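Quick note: numbers below take in every heavy atom, side chains included, and nothing from hydrogens, waters or symmetry partners. Within every chain, numbering begins at 1; the chains are lettered A, B, ... in the order of the sequence lines, protein sequences first and strands thereafter.
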Amino acid sequence: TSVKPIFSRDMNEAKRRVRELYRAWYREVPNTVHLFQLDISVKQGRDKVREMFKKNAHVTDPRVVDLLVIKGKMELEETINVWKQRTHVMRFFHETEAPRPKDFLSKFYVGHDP
Amino acid sequence: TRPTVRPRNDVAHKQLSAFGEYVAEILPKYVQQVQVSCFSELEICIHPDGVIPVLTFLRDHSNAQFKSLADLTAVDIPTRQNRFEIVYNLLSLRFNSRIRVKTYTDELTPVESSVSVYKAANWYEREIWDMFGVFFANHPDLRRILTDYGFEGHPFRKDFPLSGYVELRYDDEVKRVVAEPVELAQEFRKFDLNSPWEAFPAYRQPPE
Amino acid sequence: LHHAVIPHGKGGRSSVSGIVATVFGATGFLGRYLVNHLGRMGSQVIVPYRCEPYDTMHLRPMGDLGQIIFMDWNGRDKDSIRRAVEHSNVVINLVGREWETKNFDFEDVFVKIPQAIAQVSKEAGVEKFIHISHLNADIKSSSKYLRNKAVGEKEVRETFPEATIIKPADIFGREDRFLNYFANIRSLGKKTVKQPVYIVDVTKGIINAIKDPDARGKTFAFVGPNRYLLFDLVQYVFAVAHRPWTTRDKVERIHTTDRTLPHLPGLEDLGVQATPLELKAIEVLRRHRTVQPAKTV
Amino acid sequence: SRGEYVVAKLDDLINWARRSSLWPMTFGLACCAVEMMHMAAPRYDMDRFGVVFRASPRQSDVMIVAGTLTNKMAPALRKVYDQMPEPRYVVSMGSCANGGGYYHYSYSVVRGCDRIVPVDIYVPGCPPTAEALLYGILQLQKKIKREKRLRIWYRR
Amino acid sequence: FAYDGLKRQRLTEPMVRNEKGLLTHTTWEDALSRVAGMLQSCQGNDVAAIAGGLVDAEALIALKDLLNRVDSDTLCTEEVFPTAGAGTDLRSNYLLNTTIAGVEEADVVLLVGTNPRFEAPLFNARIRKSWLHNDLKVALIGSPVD
Amino acid sequence: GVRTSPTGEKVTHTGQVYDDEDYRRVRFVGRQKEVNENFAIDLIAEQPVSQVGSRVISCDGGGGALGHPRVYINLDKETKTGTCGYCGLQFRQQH
Amino acid sequence: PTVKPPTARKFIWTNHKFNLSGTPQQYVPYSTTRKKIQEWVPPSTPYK
Amino acid sequence: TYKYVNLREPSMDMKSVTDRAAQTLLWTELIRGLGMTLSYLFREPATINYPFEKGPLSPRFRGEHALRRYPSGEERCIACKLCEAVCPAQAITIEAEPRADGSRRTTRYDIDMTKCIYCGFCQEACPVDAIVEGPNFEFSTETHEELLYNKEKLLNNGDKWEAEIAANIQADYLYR
Ligand SMILES: CCCCCCCCCCCCCCCCCC(=O)OC[C@H](COP(=O)(O)OCCN)OC(=O)CCCCCCCCCCCCCCCCC
Ligand SMILES: NC(=O)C1=CN([C@@H]2O[C@H](COP(=O)(O)OP(=O)(O)OC[C@H]3O[C@@H](n4cnc5c(N)ncnc54)[C@H](OP(=O)(O)O)[C@@H]3O)[C@@H](O)[C@H]2O)C=CC1
Ligand SMILES: CCCCCCCCCCC1=C(C)C(=O)C(OC)=C(OC)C1=O
Ligand code: SF4
Ligand code: SF4
Ligand code: SF4
Ligand SMILES: [Zn+2]
């Protein structure tokens, strides 16, 4: 249980890196909506950033959230520099996908998936 | 066994065994196994803290001069707790030989980057990041190199499916190539080809 | 219910939706997005086309292999209509014109061809027929469009009594002739009140009318969330477009206000959230670029 | 009558001009680029059909998709297709552009370019020979030859 | 070899009785609503359930919990087991309590009222293996079957 | 030996035909259902039974290495001919 | 084939057809197998 | 066992210096290149007159697939599924049952020609010469599903091309 760290010795430094990455994304979202000329609003993209950060809000391992900050910086670097196109940025917004059945009964109606 | 059997190179086998002893006793801090295959290839199996000392030794020693990094490779073996096997294929032009340097990591422990030893490694270990998720610490520009820009997961892991999780198509409504969950019109038909009879008695693993 | 038309899959491109649709008028503005949203479910779409097959190319990336069948048809030919509808379980009628031509006037486009399609679908055992009227269709209207379209609504109802007649108000989208008309007109301001509706809302409503068995024999009125005056709507279009082919029938229809029929169901009785103009006006009018939102009533 | 005759002969003129002056843009993605380059080599010689080699992508008529379309170059494919002036046609060359090919079950390959662009001619092979691609180009020319743009314009 | 009855005669869609009294295909919403409307109008011994031969324990406890929400205990099986005495309270009076593999340990077997060759052919195969290898004495009370 | 359903659709040598109410007949509408009219079960039935005088005969389909693997067919049953498992040619012991 | 003729077979096409793609004689794919699951047909007599 | 490309020191006498200066000022190698291009101007071009002339092929050529028959009309495929076991694209899909005279034959034999890599492993795996890969390469379609061949299309290709397929196998079976 003695493991070699990545960047963070414990979870406080890890949350510091999560917090700085969130600051960087929050600053970037208006530029992304402008230069990719997205059809979303800045508040909507910021809600998507908050959704992506709250998706990983259960992690208690410092190395795992170090890798999450690293991959978030890689996503940010692909978005600031125009390496992604408009399609890669809009793949966060699952727009052409049909709304999946949520409760038991509609999932029972359409098929066999639990 | 003359015409169809590959002839064994005993001279190179003895030479690579002696050089494996040499490398194992110069660097006993990191060298775990040394093994020479039957087709005369030398593998040095090391501890991952000695990526930079072992590779810098093999690059700079007067009896090594492995100046050329041929290939750098991860192999995913999921039954091992250090599932990723980082393989270094080195080439000596002075002594006309090749050496394999092997080490291990799991998904979370980083391997030290070897661009200070071989600048060839810059894209190779970046490909290892892209395909396996093995993070290389103190790398100049570590990011993806082969997958698409929004790609989630590491494709050469063996728990990753052959067709992935998303597929693309153009959608005329949003005027945009979109990513939707993957559905095959014909499923990839898995073939259980393995014979129930043992093929190689020399490779028989001992029972429990 | 036959075994090949039972739904399967997770509702994707290679899935089976169990919807076998013949979409008359599928090469137009509404037929584009309807064939789009049908073929992403895995539906067998039948496209009778009048035009050049080059003009149906954009429909081929809209579904899986063998899921869009193209075939020739003529509006005055009942044999081709029968050859198109005899295997479908839903026929959607989208045949329309903003202008009348040498061969097809407003009566042929809105009365003759819709009643012929509905009658031939009736005698071919097609369970569902979905006809598209206009919201402002009235026998006593000043435009020949709306008079013939109200007469065709009447005939489609009395020859296919279980049909789902739908009243879009003024559909706006990328390929519309509502916001693209105002962006290019560079006619005047009057007392007209309109509530335009987004094309994805109309398409989702037509598909939710296909799927809901409670839409048989009904009449829906597809309207947007916000009623606008005509003048500040046009000024909002010129403000979004960063700006400072017509006929008198189109002028009669622009200066005809959208009637409100609360006795008819709408998009919310098909479970569709009506998208306002302020979200999608930039998506429509970004092409016209070389904003305070519009005042509702 | 007379107008049907006039629009028929004008269809014949413009179809002759468009098929006999095809200018191809080539997505030389993979091995099928080598075989299109042999279709432009002196044996088969696309240029004697009016089909110029290394035409400008801005003023090209047919987009020859010759290679494996991956997921990473599908939006660039669609962008080059959207920048083409009409009438634009698409010849899908080879098995990976037709249907995924040898990489059909890959995580990173678009299963045929017809998920991205409308395709007019499907040319089968891995690679199809330069003669087979020239067969597909001549079949595209025959497809243009029987177009009825002004006849359908007159009958509407 | 009975897996080809598994692809014949199958129930593939919900069915209800129409106005003529014939079974016609319908949706799951219509069929489950017509069952639930009659289930809501029942209470006590007005609703019952028979479990057939090929039913898993999940559906068994599902229909048991469902009919107990109506306060109905009338849940039955087709195969009669006597309920006198302990009945089905103790498991030891309705199980093969020894084991199938306990046939190998026995030296005398009494078979009462069964034809275990056809009722349970591999239990009979275990009896024949113990007959052959362990010189098992078997006696039958019943008709003299092979 | 192609036969025809009451819908007019041809039946393949498998026995495949689409039903009257199956929607997938719309793929042949304006086009053709391509069947092969040379049914192999009818063509191999036209070949005469080969009278041979041996108890075991061999068959490789004709052509040596151009046929099928060489198999040996017993002919002890006088009720039934001996049929090749590959090519379907059938044999009878003449005594 | 005027000098060395092809070997005659009774099943070879006597009428060679060219590429029929884009015509009404073109190839349309279909599943050549039959229906796998047979469905229960309910009885057309009443149940009372 | 090695040679030095570009390790020539040029002569610095007045003759060679005047040679190189005449090459610079009078463009001698440029006229050499113009002469080589002019030499190809007066050659007969290598252009064949497709479609009226065809490129040369061998009897080994791997084009369109076809299911063959014995010289009785009986189809050679005995449903053994070696060709879809070896098919590196999994383009082949086979189902089978005993047909009405008890023979081991296929009911499905699909080849997706847009998965197919045209490598001929099916014709070399086939023990009865049933699946072969014929000489047809002029079979471009206008729709994707016209290249998804079922058994009837492959048997029609066999009946269509047998007069040529059998002669190519006759020319090449001794190498196999
Ligand atoms: C009231 C009556 C008049 C009505 C309006 C019509 C006005 C006249 C328009 C021109 C003539 C109309 C017909 C055009 C050609 C139609 C026939 C055709 O396409 O024939 C095909 C034939 C070649 O056959 P192909 O299919 O190419 O086969 C491949 C080779 N084996 O093709 C050929 O052999 C060559 C075809 C040449 C086409 C005509 C010549 C070019 C056009 C000249 C006039 C217009 C341009 C003037 C100058 C413009 C600036 C340079
Ligand atoms: N904003 C809107 O567009 C609104 C539209 N509607 C109604 O919705 C329907 C569809 O609208 P929309 O897509 O925008 O209109 P379009 O004009 O864009 O499309 C009409 C379709 O009908 C076909 N068509 C037209 N005339 C004929 C004819 N005489 N014979 C055969 N086919 C013909 C066209 O095909 P082809 O290219 O071959 O001519 C095209 O596919 C129409 O009935 C329209 O009145 C209602 C409210 C608002
Ligand atoms: C008024 C007459 C107009 C004739 C137009 C001919 C245009 C030239 C055709 C071939 C061609 C050549 C030679 C050419 O040099 C060129 O530039 C690289 C092209 O563009 C890509 C061409 O297409
Ligand atoms: S279809 Fe085959 S040969 Fe052609 S580009 Fe693709 S992989 Fe290469
Ligand atoms: S040629 Fe190769 S890829 Fe094509 S069907 Fe045969 S084995 Fe499969
Ligand atoms: S290998 Fe030959 S005989 Fe075997 S299934 Fe394939 S085509 Fe038929
Ligand atoms: Zn034989």
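- Side-chain polar atoms of C/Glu123 and C/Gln119 form no donor-acceptor pair below 3.5 angstrom.
- In this structure, C/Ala169 and C/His134 approach most closely via the heavy-atom pair O-NE2, 2.7 Å.
- With respect to the salt-bridge test (charged N to carboxylate O, under 4.0 angstrom), the residues B/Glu173 and C/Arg40 qualify.
- A salt bridge is absent between C/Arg13 and B/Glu180: the closest approach of a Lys/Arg side-chain nitrogen to an acidic carboxylate oxygen does not fall below 4.0 angstrom.
- Between C/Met62 atom CE and C/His58 atom NE2 the span is 5.0 Å, to the nearest 0.5 Å.
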Using ring pair (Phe, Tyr, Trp, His ring centres under 6.0 Å), reason through C/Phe182 and C/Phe238 one step at a time and then give a plain yes or no. CA-CA 8 Å; C/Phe182 291 156; C/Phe238 281 113; 8.0 Å; no

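- Of the charged side-chain nitrogens involved, none lies within less than 4.0 Å of a carboxylate oxygen, so that C/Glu107 and C/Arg147 do not count as a salt-bridged pair.
- Of all heavy-atom pairs between C/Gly75 and C/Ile81, the closest is O-CD1, 4.0 Å.
- C/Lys128 places none of its side-chain heavy atoms less than 4.5 Å from the side chain of C/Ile19.
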Test C/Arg227 against C/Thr260 for side-chain hydrogen bond (donor to acceptor under 3.5 Å, both in side chains), laying out the working first. CA-CA 10 Å; C/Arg227 297 179 63 84; C/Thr260 305; 3.0 Å; yes

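- C/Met71 has its side chain within reach of C/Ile46: a pair of non-hydrogen atoms, C-beta onward, lies under 4.5 Å apart.
- Across F/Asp22 and C/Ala4, no two heavy atoms sit closer than the pair OD1-CB, 3.3 Å.
- The backbone N or O of E/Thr24 lies less than 3.5 Å from no partner atom in the side chain of E/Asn18, so there is not a single donor-acceptor pair.
- Of the inter-residue distances, the one linking C/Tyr54 atom OH with D/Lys143 atom NZ reads 10.5 Å to the nearest 0.5 angstrom.
- Using a distance-only test at 3.5 Å, with no hydrogens or angles considered, no donor-acceptor pair links the side chain of B/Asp171 to the main chain of B/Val178.
- No side-chain donor-acceptor contact under 3.5 Å links A/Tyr109 and E/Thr27.
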Quick one: side chains of residues 261-277 of chain C, donor-acceptor pairs under 3.5 Å with protein atoms, not counting sequence neighbours, listed by atom name and distance.
from     : atom 1 : to       : atom 2 : distance (Å)
C/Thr275 : OG1    : C/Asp201 : OD1    : 3.2
C/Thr275 : OG1    : C/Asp201 : OD2    : 3.4

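- Counting only distance, with no hydrogens or angles, the side chain of F/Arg27 and the backbone of F/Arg24 share a donor-acceptor pair below 3.5 Å.
- Applying the side chain to side chain donor-acceptor pair (under 3.5 Å) rule to pairs touching residues 212-223 of chain C yields C/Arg157-C/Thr219, sequence neighbours excluded.
- Nearest approach of E/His25 to C/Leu1, heavy atoms of both residues: CD2-N, 3.8 Å.
- Remark: side-chain polar atoms of C/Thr164 are paired, donor with acceptor, to backbone N or O of C/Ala215 under 3.5 angstrom.
- Figure legend: C/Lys102 and D/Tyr154 shown as a cation-pi pair, the cationic atom lying under 6.0 angstrom from the six-membered ring centre and within 45 degrees of its axis.
- A donor-acceptor distance shorter than 3.5 angstrom exists from the side chain of D/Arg88 to the backbone of D/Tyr81, with no hydrogens or angles considered.
- Applying the side chain to side chain donor-acceptor pair (under 3.5 Å) test to every pair with at least one member in residues 182-196 of chain C, sequence neighbours left out, gives these pairs: C/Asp170-C/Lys194.
- A salt bridge does not link D/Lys148 with C/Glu52: none of the charged nitrogens is closer than 4.0 Å to a carboxylate oxygen.
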Would you check, one step at a time, whether the test side-chain contact (heavy atoms from CB on, under 4.5 Å) holds for C/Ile254 with C/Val251? CA-CA 5 Å; C/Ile254 294 298; C/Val251 176; 5.8 Å; no

How far apart are the C-alpha atoms of C/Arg60 and D/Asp114, what are their side-chain angles, what is the distance that settles it, and do they pass the salt bridge (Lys or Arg N to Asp or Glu O under 4.0 Å) test? CA-CA 8 Å; C/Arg60 292 185 183 272; D/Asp114 56 353; over 6 Å; no

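- Between C/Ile139 and C/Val151 the shortest side-chain heavy-atom distance falls below 4.5 Å.
- Contact between C/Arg289 and C/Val240 at its shortest, heavy atoms only, is NE-O, 2.9 Å.
- No side-chain heavy atom of D/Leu150 sits less than 4.5 Å from a side-chain heavy atom of D/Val6.
- Side-chain polar atoms of C/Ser142 and C/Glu252 form a donor-acceptor pair below 3.5 angstrom.
- At a threshold of 4.0 Å, the pair C/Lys280-A/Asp39 does not count as salt-bridged, since none of the basic side-chain nitrogens sits closer than that to a carboxylate oxygen.
- When only modelled atom types and interatomic distance are considered, C/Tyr49 and C/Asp72 share a side-chain donor-acceptor pair under 3.5 Å.
- Pairing each heavy atom of A/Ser106 with each of A/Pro101, the nearest pair is OG-CB, 3.3 Å.
- The ring pair (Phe, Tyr, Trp, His ring centres under 6.0 Å) test with C/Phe172 is passed by exactly one of C/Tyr236, C/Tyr181, C/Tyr198: C/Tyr198.
- Here D/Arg149 does not pair with D/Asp11 in a salt bridge; the nearest charged N to carboxylate O distance is not below 4.0 Å.
- Between the side chain of C/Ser80 and the main chain of C/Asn74, a donor-acceptor pair closer than 3.5 Å is present.
- Among residues two or more places apart in sequence or in another chain, the side chain to side chain contact (heavy atoms under 4.5 Å, CB included) test is passed with B/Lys175 by B/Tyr170, B/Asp172, C/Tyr33, C/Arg174, C/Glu175.
- Side-chain contact between C/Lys122 and C/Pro161 is present, with heavy atoms from C-beta onward closer than 4.5 Å.
- Side-chain contact check for C/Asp258 versus C/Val193: every heavy-atom pair is 4.5 Å or farther apart.
- Side-chain N or O atoms of A/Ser41 include one that pairs as donor or acceptor with a backbone N or O of A/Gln44 at under 3.5 Å.
- Evaluation of the ring pair (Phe, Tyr, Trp, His ring centres under 6.0 Å) test over residues 85-129 of chain C, restricted to residues two or more places apart or in two chains, returns C/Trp99-C/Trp245, C/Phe106-C/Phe110, C/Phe106-C/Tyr145, C/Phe110-C/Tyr145, C/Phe129-C/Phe160.
- Checking side-chain atoms of C/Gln67 against main-chain N and O of C/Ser43 turns up a donor-acceptor pair under 3.5 Å.
- Side-chain N or O atoms of C/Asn36 include none that pairs as donor or acceptor with a backbone N or O of C/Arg32 at under 3.5 Å.
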Could you go step by step and tell me if C/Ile92 and C/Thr22 meet the side-chain contact (heavy atoms from CB on, under 4.5 Å) rule? CA-CA 6 Å; C/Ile92 301 99; C/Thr22 300; over 6 Å; no

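- Two residues are said to be in side-chain contact when any heavy atoms from C-beta on lie closer than 4.5 Å; C/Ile206 and C/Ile130 meet this criterion.
- Side-chain contact between C/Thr56 and C/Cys51 is present, with heavy atoms from C-beta onward closer than 4.5 Å.
- C/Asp176 and C/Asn180 form a side-chain donor-acceptor contact under 3.5 Å, judged by distance and modelled atom types alone.
- Here C/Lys154 pairs with C/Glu158 in a salt bridge; the nearest charged N to carboxylate O distance falls below 4.0 Å.
- The list of ring pair (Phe, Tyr, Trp, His ring centres under 6.0 Å) pairs with a residue in residues 205-232 of chain C, not counting sequence neighbours, is empty.
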Output, in order, the C-alpha distance, side-chain angles, deciding distance and verdict of salt bridge (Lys or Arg N to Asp or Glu O under 4.0 Å) for C/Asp79 and C/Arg83. CA-CA 6 Å; C/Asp79 194 4; C/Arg83 192 175 63 87; 5.7 Å; no

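- Although no hydrogens or angles enter the test, the distance criterion places a donor-acceptor pair under 3.5 Å between the side chain of C/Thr203 and the main chain of C/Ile199.
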